[PDB]
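Remarks on the structure that follows.
Derivation of every value follows stated rules applied to the coordinates shown; laboratory data play no part. Positions of Cβ are backbone-derived with ideal geometry, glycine not excepted, and every protein chain shown enters the neighbour counts.
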Amino acid sequence: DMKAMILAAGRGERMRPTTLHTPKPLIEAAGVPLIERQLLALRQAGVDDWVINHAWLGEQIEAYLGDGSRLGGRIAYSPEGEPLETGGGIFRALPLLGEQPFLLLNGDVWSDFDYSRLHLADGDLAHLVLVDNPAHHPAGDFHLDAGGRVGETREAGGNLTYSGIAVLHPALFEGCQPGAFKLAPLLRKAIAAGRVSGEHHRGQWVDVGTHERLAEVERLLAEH
Amino acid sequence: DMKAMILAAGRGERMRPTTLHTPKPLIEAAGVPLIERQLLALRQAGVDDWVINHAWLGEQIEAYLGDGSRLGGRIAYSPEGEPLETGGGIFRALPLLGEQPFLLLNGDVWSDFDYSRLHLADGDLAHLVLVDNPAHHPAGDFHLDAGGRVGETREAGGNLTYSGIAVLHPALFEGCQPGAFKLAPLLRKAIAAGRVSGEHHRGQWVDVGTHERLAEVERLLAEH
Amino acid sequence: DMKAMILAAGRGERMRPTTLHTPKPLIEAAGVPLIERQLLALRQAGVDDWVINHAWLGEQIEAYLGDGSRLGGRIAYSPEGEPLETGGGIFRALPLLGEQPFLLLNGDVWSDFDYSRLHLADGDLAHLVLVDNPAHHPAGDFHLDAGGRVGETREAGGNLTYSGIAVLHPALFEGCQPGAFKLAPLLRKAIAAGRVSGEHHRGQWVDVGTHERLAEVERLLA
C-alpha cells in the first residue's frame, strides 16, 4: 500500500554524449534500463504504486514505461518544464503521493538493498539509508549513531554517505515554496531538530553518475 | 644531462580503427604527432637525450622521428618484438639510460607540467607526479602525505592518480628479470621501503586513451 | 527577398568536450558566439530572413537567439532531435524556406565573404563559393572553369574546396527521403549535369571543425 517516488529528471551532464540521446534512467545496465531495474526491485518489495518525475527528454520515459502495467504496477507522472531540485521535484509531486510516508529512490541509484525493510517510526520525518563513503566522495554526508539517529558529520568515525534511498513523511515539506530546491537542506533542518532515523546498508550500492560507475554496476550485475 | 624515456603504452585498442594503420604516438594532436610534442616539451625543459621503446608498428615511429636531430636531440630506440609492460619496457631499455636517475614520461600522457622541476632526492628510488583523480579513474592510485611522501591509498581520502610522469632511479630495478612486467609492483615495494617521493600537479593532464580524450588534448593545446 | 539557411545542427565531435555542454554555434569566437557573428554578417548584407536548424542542445540555440530581432532579423527554427546531416537538415527545413533559391551558410564556417554578391542564374541548381585547399584538406573538391562554371576534379588542374557558402535551389532536393545524409552527393550530381556555377573567394575563410581552427579565427579577429 506504500507508494514509491523515483527521483529522476537529472540531466546527466557527466554522462554525455549518451544522455544527449537518452535520459539516464533509460540507460541499459546488463541489458535492462536502470529505472526498470529500480521498479522491479520495488515490485519484489511489495511496492507497485509509483510516481516518477521527469524533465530531461522526459517523453522518452513515459513512452518506455507507459502506465507501468507492463511491469505490473501503476505509474503517475510528474512532468517538469525546467528541472526542479531533489526537493522541488518531490514537493511538486506531493499531490500524487498523498498524506502517508512514501519511499524515495533517486533515479541515479542502483543497489541490492532490501526495500521491504524500510520503515518510518512515528514522530520521525525521514529515515535514511546510508552507505560507506565512495572513493570519489570519501568525506561522507551524515553521521549515524548506535541508536540509528542521523546527525551532521562528526570529527571522525561514523560518517556515511546518503544513498538516495529514504522513507519521507510529507510534513517534512511544511512551509515549502513551489520551485527548484535541493532535498539536503530540508533533511539538515529535520536532522537539526532530531527527527531523522537512519540505517547502514552494507551490501552493494552505486551512484550511477558516470560511465565508470555504470561499468561498476554492470560488473556487479555480471557476478551471479 | 638527465636522459628521458618516452615509455610505449601499448597497442591503442580503445582507439581503433585508427591504431590499425597508425600507432598512438604518431596520432596527430592539432596536426603534430603526440610523441613529437612530448619530445619538444622535454626539449624546452633542457632534456634532449631521449630513449624510446616501441612494439606496435614501431617501424613507423623510427621512420618519422629518425635519430632526433631534426628535433634538436638524439634518440636511442629500444625495439620490442612483443610488448613488454610499463616495467619491462623500462628494464629492457636501462642500458640506454645508464647510471643516473632518468625522466619517465608515459607515451599516452599530455600535460602542462613543468618537467624541469623534476628532482629525485638521494636515497629515494622514485619521484612521482600525481594529478587529481579523473572521471574515468576516480579512486586514484596513491596517497601523498604532507611531507611529499607517497603511500598506499587511505580510505579517508587525499588520494591521487599517477600521471605517468616521474623520475626513477635505475636501482629501482634491482633484481629484475628480462620479460614483460608492470611498473606498479616495483613502485609498491619501493613505497613500502619508504623511498618514493611525490608532488601534486594542479595543472592540466590528460591520459590520451580514446579519441574523445584526444579532443580534450586539442582543446588544451589551442588555449589562447 | 532571399532567405538564409544557417546549418547549426552539426555534431561537433572533434570539439569535445566543449560541445558536450554547448552546441558549436554558441561557442564564442573573440567574445561573440559564432552563429551570432554569422547572422550579423548576413544582416550587413541585407539578408534578414533566417532559417536555423538545431539538434543536440538545440534548445540552447533558441534560448540565445530567440526570434532573431535582437540581431536585426527574423528566425524560423527547424528542430531536429537527432542530427540530420548537411543534406538532411536542409531537406527537412525546405517547407520553411519556400520555393525561391536560398542562401546556405554552414555553421562551422567563418569568413569575411561579401554575401551580397550571391546570385543564382536561372536554370542553375546551385552557386557554390570555393576557396583554396586548406592544410587539413589539401586534395580539394572541385574545379572552376573560366565561365564561372563548376566542374568535376581534373587530374589536369584547378582544385578548390567547397567553402560551405552557397545558393541552393529547392529542386536540388527532388526525390530526397527524410533522413540523415550529406549534401555533397547531391552537389556532385548537379555539377556533372552542368548546373552549378561558382566563384573563387580569395578572402579569409576558416572551417571551424577543431579547437585549433577556432583559435585561428580568434587570431584573425585581432
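Taking the stretch C:168-203, which residues are closer than 20 Å to residue C:53 by Cα and small (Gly, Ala, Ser)?
Those that are closer than 20 Å to residue C:53 by Cα and small (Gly, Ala, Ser): C:171, C:179, C:180, C:184.
Which ranges mark the strands (runs of 3 or more DSSP E) fully within the stretch A:48-112 that have 2 or more residues being in contact (Cβ under 8 Å) with a residue 40 or more places away in the chain?
On the way: elements: A:49-54, A:74-79, A:102-106, A:109-111.
Those strands (runs of 3 or more DSSP E) span A:49-54, A:102-106, A:109-111.
Can you report the number of residues in the stretch C:79-125 which are loosely packed, with under 15 Cβ neighbours inside 10 Å and within 16 Å of residue C:167 (Cβ to Cβ)?
Residues meeting the conditions: 10.
Could you grab me the full set of residues in the stretch C:33-43 that are surrounded by fewer than 21 Cβ atoms within 10 Å (Cβ to Cβ) and touching a helix residue (DSSP H, G or I) at 6+ places or on another chain (Cβ under 8 Å)?
Answer for the stretch C:33-43, where residues must be surrounded by fewer than 21 Cβ atoms within 10 Å (Cβ to Cβ) and touching a helix residue (DSSP H, G or I) at 6+ places or on another chain (Cβ under 8 Å): C:33, C:36, C:40, C:41, C:43.
Looking at (1) more than 19 Å from the chain's Cα centre (by Cα); (2) closer than 21 Å to residue C:92 by Cβ; (3) of a type in the set (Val, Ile, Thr), which is the only condition residue C:52 fails?
Among (1) more than 19 Å from the chain's Cα centre (by Cα); (2) closer than 21 Å to residue C:92 by Cβ; (3) of a type in the set (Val, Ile, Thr), the lone unmet condition for residue C:52 is (1).
Limited to the stretch B:187-216, what total is found for residues that are within 20 Å of residue B:145 (Cα to Cα) and in a helix (DSSP H, G or I)? Explain how you work it out, then say what you get.
Step one: filter the stretch B:187-216 for residues within 20 Å of residue B:145 (Cα to Cα), giving B:187-203.
Next, from what is left, pick out any that are in a helix (DSSP H, G or I): B:187-192.
Residues flagged as within 20 Å of residue B:145 (Cα to Cα) and in a helix (DSSP H, G or I) within the stretch B:187-216 amount to 6.
Identify the residue in the stretch B:196-224 that is surrounded by 20 or more Cβ atoms within 10 Å (Cβ to Cβ) and touching a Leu at 6+ places or on another chain (Cβ under 6 Å) and, among all such residues, is nearest to the other protein chains (Cβ to nearest Cβ).
B:208
Search the stretch C:56-74 for residues being crowded, with 21+ Cβ neighbours inside 10 Å and touching a helix residue (DSSP H, G or I) at 6+ places or on another chain (Cβ under 8 Å), and hand back the single one that is nearest to the other protein chains (Cβ to nearest Cβ).
Looking only at the stretch C:56-74, we keep the residues that are crowded, with 21+ Cβ neighbours inside 10 Å, and these are C:56, C:58, C:61, C:65.
If we keep only those that are touching a helix residue (DSSP H, G or I) at 6+ places or on another chain (Cβ under 8 Å) as well, we get C:56, C:61, C:65.
Values: C:56: 5, C:61: 14, C:65: 19 Å.
This residue is C:56.
If I ask for residues that are within 14 Å of chain A (Cβ to nearest Cβ), under 14 Å from residue C:214 (Cβ atoms) and either touching a residue at least 40 places away in the same chain (Cβ under 8 Å) or part of a helix (DSSP H, G or I) (or both), which ones from the stretch C:16-41 would you list?
Matches in the stretch C:16-41: C:18, C:19, C:24.
Answer yes or no as to whether residue C:91 is under 28 Å from residue C:179 (Cβ atoms) and in contact with a helix residue (DSSP H, G or I) (Cβ under 9 Å, 6 or more places away or on another chain). Write out each step before concluding.
Values: under 28 Å from residue C:179 (Cβ atoms): yes; in contact with a helix residue (DSSP H, G or I) (Cβ under 9 Å, 6 or more places away or on another chain): yes.
Considered against the rule, which asks whether it is under 28 Å from residue C:179 (Cβ atoms) and in contact with a helix residue (DSSP H, G or I) (Cβ under 9 Å, 6 or more places away or on another chain), residue C:91 comes out as yes.
Condition test on residue A:128, is it surrounded by 20 or more Cβ atoms within 10 Å (Cβ to Cβ) and in a strand (DSSP E or B)? Spell out how you get there, then give the answer.
Values: surrounded by 20 or more Cβ atoms within 10 Å (Cβ to Cβ): yes; in a strand (DSSP E or B): yes.
In short, yes.
Count, please, the residues in the stretch C:131-144 that happen to be surrounded by fewer than 14 Cβ atoms within 10 Å (Cβ to Cβ) and more than 25 Å from residue C:89 (Cα to Cα).
3
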